[PDB]
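Engineer: Pasting a structure below so you can have a look.
Put into structure tokens, the structure is as follows:
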């Protein structure tokens, strides 16, 4: 059982996007599929739903999303879709697919981010935050990666291809005065490991197809 | 539409102690079968919402005994009999009586823990960023509690006002701490014109403010 969400991304104001919610391990025609959105640092807002086959594939939509939504199902793809037209900046949010049925009951997908902006995509610059005496307090060292000047969100940062998780802090991105986001991802590690243990940060900005494996070295 | 009113909007509970969240419905959520069309979700930092309680009082699969849903018709309570570090997140009540499905504002649960002074680390601009034409100075404040912290930037004793941005991580699900990153932005020309970059940190856990600094070109 898995829910695969896609179709989100950057779109200009007045444009269109079609979100996909692909089900694995269970049949969608037997479930009710809901869409819920969340703007960054906000609450939850139901967008609409499509009922199961036994419930006449009946669709309902949020008043705020008036005549701009089309929820459907491709029972051959085992996929639900949310077509959104004439988008505005107020539609910028993470869109979740929620299952109401026997399997994955009241459970949510990982979501897909929709950004309604006039700004263009920009891949980030990845700079190392090198460990040194100024980043070593006691028997602990800190190091990181500065993921700078990108648009839109999101960026994913892992350390040593997921093998380094303990002590990791990937900071929420800040929008700079330039209209470009910037984040830091840091790790505190033992200072005794600095010369022998390798620390690579794995940055991926899917909107711009930028994937960088950056080695952070001391000194 | 059915208005959902959550109370309180935030609360701070020390692990092992109980937590209670009220939900008020603008319409009757009571069903013929004696249950209520009322659910509770929790959104942990960086995750999608997850089901806790459905039908007013039924625990979702995998949800332990310590969580209970109660109340009837219009007035509902989510109880956490003994709070754990992992419970840090935002709790939401939702009605599923009719469409639109509506949610409460969200209740932010903070895990109260012992005051922890931050570990402070400073990162000069990387040679590679300087090569690209820009300069970012990074101040890391690691694993502190409570979240209230002040970072003061000085460049050769000149207080910087308006040229830094901070980013705070959500409460850690394990050790209940926060981490902060302050970034000082300067042009390469200004960076090369000064020697001393100082980050001054104020926090409850520090008896006096802590300064972490570096001199450009070493000293």
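Residue numbers (PDB author numbering), protein chains in the order written: chain B, 2 to 220; chain A, 1 to 219. A virtual CB, placed ideally from N, CA and C, is assigned to each residue, including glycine.
1. Report the residues of the region 119-134 of chain B with a CB closer than 7 Å to any CB of chain A, ordered along the chain.
2. Taking Cβ positions, are residue 200(A) and residue 165(A) nearer each other than 7 Å?
3. Over what stretch of residues does the alpha helix (DSSP H) that includes residue 129(A) continue unbroken?
4. Hey, is residue 111(B)'s beta-carbon within less than 7 Å of any beta-carbon in chain A?
5. Assess contact between the region 149-165 of chain B and the region 101-119 of chain B, defined as three or more Cβ pairs (one per stretch) separated by less than 8 Å. Is contact present?
6. Quick one: residues in its chain with C-beta nearer than 7 Å to the C-beta of residue 69(B), no 5 flanking neighbours on either side, listed in chain order?
7. I'd like to know whether the C-beta of residue 48(A) is nearer than 7 Å to at least one C-beta of chain B.
8. Going along the region 78-109 of chain B in order, which residues come within less than 9 Å of chain A, judged by CB to CB distance?
9. Return the chain-ordered ranges of every beta strand (DSSP E) run that is complete within the region 80-164 of chain B and spans a minimum of 3 residues.
10. Roughly how many whole angstroms lie between the Cα atoms of residue 9(A) and residue 105(A)?
11. Could you name each continuous beta strand (DSSP E) segment of 3 residues or more that falls completely within the region 61-116 of chain A, going from the start of the chain to the end?
12. Determine, using beta carbons only, whether residue 110(B) and residue 96(B) come nearer to each other than 7 Å.
13. Flag this pair as touching only if the region 133-144 of chain A and the region 167-184 of chain A have three or more C-beta atom pairs under 8 Å; answer yes or no.
14. Establish whether the CB of residue 45(B) and some CB of chain A are separated by less than 7 Å.
15. Below 8 Å, how does it come out for the region 73-88 of chain A and the region 57-73 of chain B: are there three or more Cβ pairs, yes or no?
16. Between 146(A), 162(A), 185(A) and 31(A), which lies nearest to residue 170(A) when the distance is taken from Cα to Cα?
17. Hey, residue 26(A) and residue 63(A): beta-carbon distance below 7 Å or not?
18. Select from 29(B), 190(B) and 91(B) the residue whose C-alpha is nearest the C-alpha of residue 65(B).
19. Give me whichever residues DSSP pairs with residue 17(B) in a beta bridge.
20. Taking DSSP's pairing of strands, which residues face residue 36(A) in a bridge?
21. Identify, in the order they occur along the chain, each residue of the same chain with its Cβ nearer than 7 Å to the Cβ of residue 66(A), setting aside the five sequence neighbours on each side.
22. Going by C-alpha distance, which of 106(B), 21(B), 35(B) and 128(B) is nearest residue 2(B)?
23. Return the chain-ordered list of same chain residues with a C-beta closer than 8 Å to the C-beta of residue 78(B), the five sequence neighbours on each side being excluded.
24. Of the residues 158(A), 155(A), 117(A) and 159(A), which one's Cα is nearest the Cα of residue 149(A)?
25. Would DSSP call residue 45(B) helix, strand or coil?
26. Counting C-beta neighbours from all protein chains within 10 Å, is the total for residue 54(B) 16 or more, i.e. buried, or is it exposed?
27. Roughly how many whole angstroms lie between the Cα atoms of residue 154(A) and residue 173(B)?
28. Could you tell me the alpha carbon to alpha carbon distance between residue 81(B) and residue 93(B), rounded to whole angstroms?
29. Taking its Cβ as the centre, do 16 or more other Cβ atoms sit within 10 Å of residue 50(B), making it buried, or is it exposed?
30. Name, please, each residue of chain A whose Cβ falls closer than 8 Å to the Cβ of residue 175(B).
31. Cβ of residue 170(B) less than 7 Å from any chain A Cβ?
32. Of all Cβ atoms in chain B, is any one closer than 7 Å to the Cβ of residue 122(A)?
33. Assign residue 149(A) to one of three DSSP states: helix, strand, or coil.
34. Tell me which residues share the same chain as residue 92(A) and place their Cβ nearer than 6 Å to its Cβ, disregarding the 5 neighbours each side in the sequence.
35. Taking 8 Å as the cut-off, does the region 10-25 of chain A touch the region 135-152 of chain B (at least 3 CB pairs, one atom from each stretch)?
36. Taking 7 Å as the CB-CB limit, is residue 185(B) close to chain A?
Structural biologist: Put simply:
1. The residues in question are 126, 128, 129, 130 and 131.
2. No.
3. Membership of residue 129(A) in the alpha helix (DSSP H) is indicated by the continuous run 127-131.
4. For residue 111(B), the answer is yes, since a Cβ of chain A falls inside 7 Å of its Cβ.
5. At 8 Å Cβ cutoff, the stretches touch.
6. Within the same chain, residue 69(B) has close Cβ partners 85, 86 and 87.
7. For residue 48(A), the nearest beta carbon of chain B is closer than 7 Å to its own beta carbon.
8. Under the 9 Å Cβ criterion, the region 78-109 of chain B contributes 95, 97, 99, 101, 106, 107, 108 and 109.
9. DSSP runs (the beta strand (DSSP E)) wholly in the region 80-164 of chain B: 80-85, 94-101, 113-117, 126-130, 141-151 and 157-160.
10. Cα to Cα, the separation comes out at about 7 Å.
11. Entirely contained in the region 61-116 of chain A, the beta strand (DSSP E) runs reaching 3 residues are, in chain order, 67-72, 75-80, 89-95 and 107-111.
12. Not in contact: residue 110(B) and residue 96(B) (Cβ atoms no closer than 7 Å).
13. Three or more pairs of CB atoms, one per stretch, sit closer than 8 Å, so the region 133-144 of chain A contacts the region 167-184 of chain A.
14. Yes, contact with chain A.
15. In this structure the region 73-88 of chain A does not lie against the region 57-73 of chain B, because fewer than three pairs of beta carbons, one per stretch, are closer than 8 Å.
16. When each option's Cα is compared against that of residue 170(A), the closest is 146(A).
17. In this structure, residue 63(A) does not lie closer than 7 Å to residue 26(A) by Cβ.
18. Comparing alpha-carbon positions, the option among 29(B), 190(B) and 91(B) lying closest to residue 65(B) turns out to be 91(B).
19. Beta-bridge partners of residue 17(B) (DSSP): none assigned.
20. Its beta-bridge partners are 30(A).
21. Here the set comprises 80, 81 and 82.
22. When each option's Cα is compared against that of residue 2(B), the closest is 106(B).
23. Here the set comprises 23.
24. Answer by Cα proximity: 117(A).
25. In this structure, residue 45(B) counts as coil in the three-state DSSP scheme.
26. Burial call: exposed.
27. Going by the C-alpha atoms only, they are around 24 Å apart.
28. Near 20 Å, if we compare the C-alpha coordinates of residue 93(B) and residue 81(B).
29. With 16 or more other Cβ atoms within 10 Å, it is buried.
30. Ordered by position in chain A, the residues that pass the 8 Å Cβ test against residue 175(B) are 165, 166, 167 and 183.
31. Output row for residue 170(B): interface = yes.
32. Output row for residue 122(A): interface = yes.
33. Reduced to three states, the DSSP call for residue 149(A) is coil.
34. Contacts found: 41, 103, 104 and 106.
35. No: fewer than three Cβ pairs fall under 8 Å.
36. By this cut-off, residue 185(B) is an interface position.
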